[PDB]
Amino acid sequence: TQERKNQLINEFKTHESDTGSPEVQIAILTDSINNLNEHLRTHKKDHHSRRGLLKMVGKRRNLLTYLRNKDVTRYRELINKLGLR
RNA sequence: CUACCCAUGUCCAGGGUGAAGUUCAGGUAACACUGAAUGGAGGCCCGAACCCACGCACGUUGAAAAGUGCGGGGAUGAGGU
RNA sequence: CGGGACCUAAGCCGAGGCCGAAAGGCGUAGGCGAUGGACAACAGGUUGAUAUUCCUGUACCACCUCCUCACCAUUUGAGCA
RNA sequence: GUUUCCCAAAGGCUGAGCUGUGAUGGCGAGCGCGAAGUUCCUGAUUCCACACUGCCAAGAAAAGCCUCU
RNA sequence: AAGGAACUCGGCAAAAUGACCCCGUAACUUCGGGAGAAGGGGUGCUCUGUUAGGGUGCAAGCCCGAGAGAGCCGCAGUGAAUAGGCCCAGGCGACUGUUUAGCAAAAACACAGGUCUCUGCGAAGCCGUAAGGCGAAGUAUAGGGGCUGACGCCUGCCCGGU
RNA sequence: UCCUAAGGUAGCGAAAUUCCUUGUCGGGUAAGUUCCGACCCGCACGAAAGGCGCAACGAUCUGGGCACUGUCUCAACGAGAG
RNA sequence: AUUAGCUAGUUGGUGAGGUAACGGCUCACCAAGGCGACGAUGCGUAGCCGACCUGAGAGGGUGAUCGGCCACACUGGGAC
RNA sequence: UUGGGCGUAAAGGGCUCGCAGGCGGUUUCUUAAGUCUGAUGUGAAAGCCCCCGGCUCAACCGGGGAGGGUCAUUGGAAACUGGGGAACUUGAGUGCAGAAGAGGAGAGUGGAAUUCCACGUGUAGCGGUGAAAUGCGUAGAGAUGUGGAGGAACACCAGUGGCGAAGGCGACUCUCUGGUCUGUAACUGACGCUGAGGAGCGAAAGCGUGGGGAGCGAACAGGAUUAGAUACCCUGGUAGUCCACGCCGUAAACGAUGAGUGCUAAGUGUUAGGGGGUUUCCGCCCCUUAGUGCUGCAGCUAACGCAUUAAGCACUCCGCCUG
């Protein structure tokens, strides 16, 4: 957050100004989840943080299913950079 | 002797039964979960030694001032000495 | 080896001291007390009775130099513990 | 005993057995004498050994020992 | 032999069942069980086999013997000895445990859990007229005492007398 | 309507309690003073002297059915020990 | 769907036999598949169809007679 | 279906995250599964139906024809739908720059007030009602002064005010965390909407284990009230509420309105922005996104009412109703 995003926008540059480019957006969401997942292990009785997690799981499942039907190799190599299954 | 108790060594043929785990596979965002294998817990089961007296029979100037005979209940723990 | 001159728990005996209707339970110190720990040895004969003891073989165990060889050192002076 | 660095296999303590001796013996079926005296298989309740792992009820002491002054 | 509980306080006694492999298993259930429920089936010998296969070994050979096909035998085929009788309900005790040495093994005691209360540490309680060192090399998530008995649903009324 | 300090609620009920009794009504049997199912004119059930229901358990304890049987009508014979 | 799990000759292969004929149709072997929320398996129900009746049509009900076909011949099984 | 509904008449799931299934922005190439259409083959006959003829007409019977098929083959059509290939950026998302917040969870922090208790001071009652009694009191209450424990609730701000999807959340501060809205344009190039089962949340009551229990308070008790009072009133009063953790998963879980997309007069406040017009201003005025309320036109409605936050006109999806 605000320093890793400075790294990860620079990470998945297919073009130089890729501020969308959902392969960038997955890199925003995955480490947002791992920074959210370890909050749930601190606090289980919190529930109004998990409403965010279900959207962030739901947004990430949307962007992966998009890449299956356009970019076969790019979807594959993105998982290889993340290990997400 | 016995009743518990204190320190101390010691014994219990084999078979069954299979949890908590574990790992792998699947599964899930991830834990829940699922299936295999493994692992082997139990005042767990069946049954000898060994304890123990329930049920009849025998005994009752008995083999014996409490037994033997044919079978019976526990038998890795609140155990037996 | 089995038990002593090895140790020790359970428990007991217990200098003083705890200044107890007389006695007397016995209090640490200290030491008893083994079923424990510690420890050097077996394998073959043998009579009418003993046998990891007698005998024949073959070993170790601590202890001691009448000694022989070594090495180190007699005051940082080896060695003992 | 802790506390800092330096190396991550070596070392030690351990041991059931194994083989060589021990055996130029002693036993040994058999008639005081004495032959061959191997290999394979089975296989523990004894040994490594409370050694390992696991569980929970949290499983003596002191002296031989070894070391320090 | 025929008969099966008519015997009898009562299936007391006695027979009947047992072995291992394989198929199959109800109600209820606290999901662990119940269950080996029940209910039946095949087991011997000889040949395909020093077997399929394993162990073991360097091979040689030894042990382990899966399934079938074949076929012979008697009435029988764990032939001997010897190792569960099962099913339906019912109270009472939850349970394994313990006592009436030497009449009476349970429906009694114990039991986990519940629970009200005492007790601030030289605790309370106890031994018993002192000590001393149990409780405890413990400290209210601990230790005595009483009342019930796992778990599940529950535990209402009366403070007048004691 | 008198009397109490207060008058038994939940669940069970001829009960290991129940006298009259073998209560009555139903299944079990040709026949069932025991046993199970329900009835409540609970003599004298009742909530930690605990109340009820409970799968697993017992050399407990009552009742029923199969299997098989000298237990019995109805005795018989054989071995052995007196 | 107040029936969600069901099947081991089941489902596959190979060969064999068998049938006028294809085949697990039968058997050996080897493999573990197949069937399923588009509703399997199960259960209750019932012969189907051109057509009949009704409705304005879309549909709904019935499947008698006459015409098509299957199944059955007291109940069940086999075979010439 | 052609040929209904859902504010109150029977009916919106409490709300979400979503697999399967359902539906698709714009431009262009292509394909022909759907679709359109020819040809061929066929849907026997009787019957219906078109038209004749026969029986004394009719009924009946006969002749001819049509019709009946989500049919098959074959050949055409390419707009729309499905499929494939390629572009555009408004839908949706990302960056970046802002702004609002009682959104959640955590450990801690106070301030009045209730009671309790210690004590001074102080005397006959206070306490309570429709009236009064029970309760409390010469053992010193009530009132009053300081001090002490302890819990739970968090005035004022407070507002058809904020935010969350709903239930819901108001002392304070910190740590941790969700979404929201504006500003564009930097990016992606339709990546979206809805969603049976499935998953998670879900006030109060209740449940199990402990913690804590000051007020408050079912059950019960007492005093009245009353013909009766198992009630309203009355003084007490157990569980509870409270906390951590686990479960139940229901309500008028209400906007009695299922979620999204566009469109359709206004006027008006009000919460957060943004743009401008003279102005540093304050301010006024105007444009503009977003919830938030009220009065209103067309139309909808059986009437009340609803009206850019629809119950208007349309469409995609899910649930529900048939006295």
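Take A:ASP18 and decide whether it is in contact with a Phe, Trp or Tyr (Cβ under 7 Å, 6 or more places away or on another chain), closer than 29 Å to A:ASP71 by Cα and not aliphatic (A, V, I, L, M).
yes
Count, please, the residues in the stretch A:10-49 that happen to be over 16 Å from the mean Cα position of the chain (by Cα) and either in a helix (DSSP H, G or I) or surrounded by 13 or more Cβ atoms within 10 Å (Cβ to Cβ) (or both).
So the count comes out to 4.
Can you tell me which residue in the stretch A:63-85 is surrounded by the fewest Cβ atoms within 10 Å (Cβ to Cβ), limited to those that are within 14 Å of RNA strand B (Cβ to nearest atom) and under 14 Å from A:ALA27 (Cα atoms)?
A:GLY83
List pairs: first in the stretch A:1-14 and on the phi < 0 side of the Ramachandran plot, second within 16 Å of RNA strand B (Cβ to nearest atom) and of a type in the set (A, V, I, L, M), Cβ under 7 Å, 6+ apart or cross-chain?
So the pair list comes out as A:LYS5/A:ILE28; A:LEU8/A:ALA27; A:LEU8/A:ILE28; A:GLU11/A:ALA27; A:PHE12/A:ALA27.
No Cβ is skipped: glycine too gets one built from the backbone with ideal geometry, and neighbour counts run over all protein chains shown. Quick note: the coordinates plus some simple rules give every number you see, no bench work behind them.
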